[PDB]
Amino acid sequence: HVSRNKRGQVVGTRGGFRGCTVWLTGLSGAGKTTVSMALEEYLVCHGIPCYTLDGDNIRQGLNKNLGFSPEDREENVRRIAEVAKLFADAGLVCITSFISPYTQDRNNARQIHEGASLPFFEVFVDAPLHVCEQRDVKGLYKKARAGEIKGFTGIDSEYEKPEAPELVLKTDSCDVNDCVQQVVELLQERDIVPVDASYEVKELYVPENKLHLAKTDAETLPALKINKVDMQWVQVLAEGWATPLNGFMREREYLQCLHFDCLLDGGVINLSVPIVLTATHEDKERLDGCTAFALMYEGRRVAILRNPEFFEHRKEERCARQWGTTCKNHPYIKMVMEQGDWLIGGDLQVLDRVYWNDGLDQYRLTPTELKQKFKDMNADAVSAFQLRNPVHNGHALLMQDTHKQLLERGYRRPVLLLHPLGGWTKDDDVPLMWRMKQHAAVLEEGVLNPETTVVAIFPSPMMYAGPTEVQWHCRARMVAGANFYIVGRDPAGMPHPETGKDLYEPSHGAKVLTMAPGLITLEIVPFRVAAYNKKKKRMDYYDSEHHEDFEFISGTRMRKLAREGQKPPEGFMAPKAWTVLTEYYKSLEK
């Protein structure tokens, strides 16, 4: 015969043998039918073939010749157990749904399974006899109280409670979802049902109560000195923004990311940018072989990377695939080109909590802290606005028009996550402190409402990789609990350093995002280019037949106006936000 290992490559789409028997037992009306039906449905919605033995298929086929007097009752269970073991042998999750009141009959069913190395999960669907009588789902209790059913178990027979059930379901204190979840978690604990890849936040910080230990432990390890952009990726990871990574990407994750823009093990997860740690040939030969090493920023041990692996940093290829150009003078590519030729993946345990002592640590909320913030505000929708530039009223418009659309849909407490990036940025961008003072100003003028707006800083470095990057911007906000992701023209783009043309076609980030896999809990809210409209004296959506009506105001014109001592047109930006920028531009010329 074909082995269990091989029958399981072909039973279902999920690999690996998982035949077993989930043996429900309890009083008439305790919940067995209802649990097995909901379990079966879960299993089938998750790709795991199963089959249920119950009163409707056993009693009138195989067991039709069995009456009620007690040797028949014993034989009934025995036959059910033998059939179930056969189903389990065949690679199915067999669910059985019979009162099965006697301990001896159920231990026998367990032993027929265990003697054949098939898992047997005895699930006691436990509700008091009075409750099951109350329910009297099929009117059998009312018919027993007045004769003409037998030793109806609970009344004229006994029900013998299992002594060591794999699970007890207290159906008078829990709901059907509680039941199904408790059973599914059992089956996951026991490797019958796999744990799919998830976006549920996963911090890589060691628990506070394990901290001091981990620090001591970190002291005994060899060490690798990291730089500030790295430390900032250490924070992206620590806080969960790259959930479910367990650390810097291993080879297999890096290659998935570069070719498919997704992690694929255990389900499709969007992750389009490498999150890697680099190393020179010298650091590799030093650390290669150790099972753990510490990462050291500004002479402090900030994280431990366990079970590391070293693989090549094929830099030209990485760059080409991530940015769609290998141009040496792209400012993030320039840094990648100066890194080592090795990458290191492993499981990252981050130690002290990351704080930059710079005056802005109050805005650097983790995804958990943000989710908590959204619930504390009782939002029923969260829209996110990634950005790296001062907010002008073209951005504000996209935020204002999304807030509108969510009102018109029915939401009654939309919250805006105004989410500037604070990780590394290229030289000629507006420094983070400036931009935050600038958005504070925009909020003080009420262009965005401070009572419905959370302002926090996204710790990722900025890569300037367009349609590749904007998936990362988007997914990061989905992790933090955004339900809606606002995207306009050329997101994450910049001019090509050699040609001066746009590196990326401006509609690409949005088109790509609207069809990118793994972006399941959010909706993409895309917008056309907005620009100062000179006729209507406000920011508006650009229109082609009407070219003369619109002023495009670049970071470069603004810097010019600020020197000349002038102002952009009224309604381009909030006057106090402008003032912040004049103060910015003043220090810049020095």
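One-based numbering along the sequence shown.
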_On mean Cα temperature factor in this entry, is 488 to 496 or 127 to 135 the higher one?_
127 to 135
_Comparing average C-alpha B factors as deposited, tell me which of 154 to 162 and 357 to 365 sits higher._
154 to 162
*Out of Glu75, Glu122, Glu282, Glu253, which shows the largest CA B-factor listed in the entry?*
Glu282
*Per the PDB entry, which option out of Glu316, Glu505, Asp265, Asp217 has the greatest Cα B factor?*
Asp217
*Tell me, lowest, middle or highest third: where does the Cα B factor of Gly565 rank within its chain?*
highest
*State the tercile, meaning the lowest, middle or highest third, of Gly47 with respect to the CA B-factors recorded for its chain.*
middle
_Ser544 CA temperature factor, ranked by third within the chain_ = highest
*asked:* Quick check on the deposited entry: does the C-alpha B-factor of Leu62 sit in the lowest, middle or highest third of its chain?
replied: middle
*Taking the values exactly as deposited, rank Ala530 by C-alpha B-factor within its chain and report the matching third: lowest, middle or highest.*
highest
